[PDB]
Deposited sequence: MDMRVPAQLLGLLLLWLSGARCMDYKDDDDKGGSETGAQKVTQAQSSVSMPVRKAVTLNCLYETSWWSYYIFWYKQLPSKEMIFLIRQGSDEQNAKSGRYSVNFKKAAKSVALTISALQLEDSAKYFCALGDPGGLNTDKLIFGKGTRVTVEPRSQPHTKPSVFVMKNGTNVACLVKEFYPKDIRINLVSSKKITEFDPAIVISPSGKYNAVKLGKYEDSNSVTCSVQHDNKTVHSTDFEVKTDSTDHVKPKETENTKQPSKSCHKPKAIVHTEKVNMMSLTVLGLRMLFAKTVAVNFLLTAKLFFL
């Protein structure tokens, strides 16, 4: 009774398709294979169930490819979306029975192709904490360095997908003077300061 998933991570863009592999192994004669997904808020949701006696089970945007002669089963998620970013588990399995899970594969969904836009950075203070705010920009090649002669801490930027399909980033940093600090950006071969917005 073993379930093997030798896939660490996958990256597939929006409205494409993805196949996930699951090598089960058992000695029973009639079993079921369940598929579960785990949100980052730690919730398990039943996706699809493949009974090992009748043909391929599909339910909406999910499809299961079953190789009974081999030991391979495969989940298809067609027409991907933005909340298909989870961790997916293969389970093997009347009220007393247990499910045997695999180690789980992670699907990270990337946005589509967009023309390049420009950052338009800002800055905001709280006495000693600063925060450079970068507005929407499509390619993820960003460098959000700040300017201060007196540096204490500088955490990493946090790039996240906007609801427009582009990216936003915040980079915190604690300094002493915290008033003569102005952030800069090296996005897409053209430097963007924050003094042109100031006046």
Pop the missing stretches of the deposited sequence into a list, counting residues from 1 and keeping sequence order. 1-38, 132-135, 242-307
